[PDB]
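# Summary of the model geometry
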Amino acid sequence: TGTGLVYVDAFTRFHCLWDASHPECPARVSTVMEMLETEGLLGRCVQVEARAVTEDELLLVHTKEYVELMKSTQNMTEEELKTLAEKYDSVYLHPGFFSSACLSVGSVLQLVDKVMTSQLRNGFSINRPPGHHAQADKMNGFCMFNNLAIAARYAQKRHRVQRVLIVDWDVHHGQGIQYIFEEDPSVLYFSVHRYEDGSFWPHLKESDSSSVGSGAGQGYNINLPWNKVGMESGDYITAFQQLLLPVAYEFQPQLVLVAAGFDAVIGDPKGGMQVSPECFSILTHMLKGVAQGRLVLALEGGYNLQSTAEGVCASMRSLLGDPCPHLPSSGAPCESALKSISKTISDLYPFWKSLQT
Ligand SMILES: CC(/C=C/C(=O)NO)=C\[C@@H](C)C(=O)c1ccc(N(C)C)cc1
Ligand SMILES: [K+]
Ligand SMILES: [K+]
Ligand SMILES: [Zn+2]
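Residues numbered from 1 in each chain as written, not as in the entry; some residues may be left out. Chains lettered and ligands numbered in written order. Heavy atoms only, no water. Residues with missing side-chain atoms left out of burial classes, pairs and counts.

Regarding how it was determined, this PDB entry cites X-ray crystallography in its header, along with a resolution of 1.65002315533 Å.

As recorded in the PDB entry, the protein chain goes by HDAC6 and comes from Danio rerio. Per the PDB record, the entry is named "Crystal structure of Danio rerio histone deacetylase 6 catalytic domain 1 (CD1) complexed with Trichostatin A".

## Section: the coordination of the potassium ion (ligand 2)
The line we're drawing: Counted as donors are the N, O and S atoms within 2.8 Å of the metal, or 3.2 Å for Na, K and Ca, while water is not among the atoms, so some sites may look incomplete. Angle rules define the geometry names used: all angles between 85 and 135 degrees makes four donors tetrahedral, while opposite donors over 155 degrees apart and all other angles between 65 and 115 make four donors square planar and six octahedral, leaving every other case irregular. Counting from the N terminus, the helices are DSSP H or I runs at least four residues long and the strands are E runs at least two residues long. When a residue's accessible area, from a 1.4 Å probe over protein chains only, is under 20% of the maximum for its type it is buried; when over 50% it is exposed; and in between it is partly exposed.
At the metal site, the potassium ion (ligand 2) is ligated by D168 (O), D168 (OD), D170 (O), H172 (O), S191 (OG) and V192 (O), and these contacts range over 2.6 to 2.9 Å. Coordination geometry of the potassium ion (ligand 2): the 6 donor atoms subtend angles of 67 to 162° at the metal centre, consistent with an arrangement described as irregular. The motif formed by the donor residues of the potassium ion (ligand 2), counted along the single chain, is D-x1-D-x1-H-x18-S-V. One end of the pair, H172, is in the loop between β4 (164-168) and α7 (175-180); the other, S191, is in strand β5 (residues 187-194), and 19 residues separate them in sequence. Here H172 and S191 have matching classes, each one buried.

## Re the packing of aromatic side chains
Rules: In summary, the pairing rule links any two rings of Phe, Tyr or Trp, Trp by its six-membered ring, whose centres are within 6.5 Å, and it sorts them by plane angle into stacked for under 30 degrees, edge-to-face for over 60 and tilted for everything else.
In this structure the tally under the stated criterion is 15 aromatic pairs. With 6.0 Å between their ring centres and 80° between their planes, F98 and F145 make a pair best called edge-to-face. Taken as a pair, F98 in helix α5 (residues 97-116) and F145 in the loop between β3 (122-125) and α6 (147-159) lie far apart in primary sequence, 47 residues in all. Judged by its relative accessible area of 11%, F98 falls in the buried class. Aromatic pair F262 and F280: ring centres 5.1 Å apart, planes at 75°, arrangement edge-to-face. One end of the pair, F262, is in the loop between β7 (255-260) and α9 (279-287); the other, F280, is in helix α9, with 18 residues separating them in the sequence. Judged by its relative accessible area of 0%, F262 falls in the buried class.

## Focus: the site of ligand 1
Basically, it comes down to this: It suffices for a single heavy atom of a residue to lie within 4 Å of a molecule or strand for the residue to be listed as near it. For the purposes of these results, a polar contact is taken to be a pair of N or O atoms within 3.5 Å, where, inside protein, one atom must be able to donate a hydrogen and its partner to accept one; residues adjacent in sequence count only when each atom of the pair is a side-chain atom. Per-residue and other accessible areas follow the Shrake-Rupley method at a 1.4 Å probe size, with only the shown protein chains counted as cover for residues. Each residue is assigned to one of three groups, with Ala, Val, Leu, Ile, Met, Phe, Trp, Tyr, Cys and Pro labelled nonpolar, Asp, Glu, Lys and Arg labelled charged, and all others, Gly among them, labelled polar.
Close contacts around ligand 1 come from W18, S90, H132, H133, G141, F142, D170, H172, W201, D263, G301 and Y303, and that covers them all. Within the side chain of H172, an N or O atom sits 2.9 Å from an oxygen atom of ligand 1. Here ligand 1 has 550 Å² of accessible area as a free molecule, and 68% of this is covered by the chains. Its residues placed into classes, the shell around ligand 1 shows 4 nonpolar, 6 polar and 2 charged.

Below is the structure:
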């Protein structure tokens, strides 16, 4: 009936012990909640309780060996925690990380419950730590557990969902989600991300559009890599209109999960793109036409506190049914974006009839 929102103060209870200016910080989520309140959007949402993920739920994606190790991080010193975090690419540790990460996963599962049982139309978790880089047996890129990968498998097991679409519009490639479902045709992963032929983190050849999945999963992994900076709303709108939504309607998902990072929004200190926050109202609107609008967004990256809050608010207005905004930018894509879109289409053409033109 309404739009669910999950936030708990526990999401603020971890931070970089050795860098007080680390970009992945408590203020990210507090600033979002502050703007949701001042814009009058928070009071229009249905408040949904978070919950801690269970061991069995984590096992849906992560190895028992890795779960046990992360759980032990709550008993380590600033030096020990530093010893384990140096074993991973671009992470920090903190005694409260595991606890918050479990509530971060659980917040998404709460919304999947309510959306799949028709208690709510859709929902947004305002969660950290992020998830889309976490992998079966390792932390990565500020992530401990892969929130949306867990949620997808949870939906299939607990709610009899056959097909899940995961849309990842964070400026970084969610390689963790890609890996978990690489061979799986029941979970379609779409990621649009800065790539620049691998010079942009996470620096992986697998982030290119030639990675279409493997085995039975061929055609169910779709990468849209940007190879120039400064992409705009028109480029994302074009990518969604001519690539993602055609495949989405052909796939017929029963649930859509969004890796809703906002480091592609104008103003992010490191993402390098020029996407207006209003664009995400349109992108969210398009995704509501699919899966009877069964749509759950979960926060990933985005490090300009205002830009990220504005992106969340824009997405939230569309979840709540408010009229789409006026787009300040051109509705015409640039050549680099069209070349990227054309190349991905060429890589995916053989598996999707809706792309055959
Ligand atoms: C992981 C990431 C973005 C994730 C994201 O947004 N995924 O969506 C950005 C990396 C490159 C970064 O900026 C960084 C900063 C400090 C650092 N150490 C000093 C450990 C290591 C890495
Ligand atoms: K992405
Ligand atoms: K897949
Ligand atoms: Zn990111």
